[PDB]
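Numbering (PDB author numbering), first residue to last: 3 to 169.
Step one of this worksheet: look at the structure below.
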Ligand SMILES: O=C(O)C[C@H]1CN(c2ncnc3[nH]c4cc(F)ccc4c23)CC2(CCC2)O1
């Protein structure tokens with residue numbers, strides 16, 4: 003038993019809700035919240051900008067130190083940093099950005115990072131400003147992640163569409 007509430011069960015291990023991931027994190031304080039990161043951990047907009055704003059820019063300050071030490075992430079890769087006031091840990095995962103020409107096949111590699119964590123609160127990778135089809139992203143998630151994932155979808159119209167079209 004865990005503290006996530008109001009989710010629709012899609013499979014044995016994947017759950018979905020129309021919710022703002024920032025507010026969901028603030029209330030649940032999950033062990034892991036996933037950020038929709040870029041390789042530079044520049045949290046300017048989308049999910050990343052919203053999560054970073056909720057930490058009063060502490061996420062960005064920590065991320066800048068991480069990059070100064072380690073260099074950029076790989077597309078499809080991840081790193082674990084602090085969850086600040088939102089979660090114990092933040093798993094920063096880089097899905098491909100279709101608006102940068104990145105290979106959509108890397109989306110499966112990105113979701114594989116979730117399997118290192120027993121339970122996660124997450125967005126749909128490569129959705130939103132990353133330009134991928136969120137329905138495809140949901141399919142890859144369900145076919146790749148084996149751990150327990152609670153997906154927060156901000157947009158209500160898209161949520162309804164994701165549910166109604168789910169096979
Ligand atoms: O509607 C979606 O869920 C898909 C979109 C948006 N996203 C989010 N997912 C959950 N919570 C959110 N809160 C936000 C607050 C913002 F200011 C901006 C965006 C989000 C957001 C995920 C993405 C992929 C990156 C962008 O695509």
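Cβ coordinates follow ideal geometry from the N, Cα and C atoms, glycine included.
- Within the same chain, 30 come within 6 Å of residue 5 by CB-CB distance, once the 5 residues on both sides are set aside.
- Residue 65 holds the alpha-carbon nearest to the alpha-carbon of residue 81 among 65, 7, 162.
- Residue state for residue 166 is assigned as helix, using DSSP reduced to three classes.
- Here residue 106 carries a coil assignment [DSSP, helix/strand/coil].
- Taking C-beta atoms as the reference points, residue 79 and residue 100 fail to come closer than 8 Å.
- Around the Cβ of residue 60, a 10 Å sphere holds fewer than 16 other Cβ atoms; the residue is exposed.
- Bridge pairing for residue 9: absent [DSSP].
- If you draw a straight line from the Cα of residue 118 to the Cα of residue 137, it comes to about 24 Å.
- Secondary structure at residue 86: coil, using DSSP grouped into helix, strand and coil.
- DSSP lists 93 as the bridge partner or partners of residue 36.
- Rounded to whole angstroms, the gap between the alpha carbons of residue 11 and residue 56 is 28 Å.
- For residue 125, the shortest separation between its Cβ and any heavy atom of ligand 1 lies below 7 Å.
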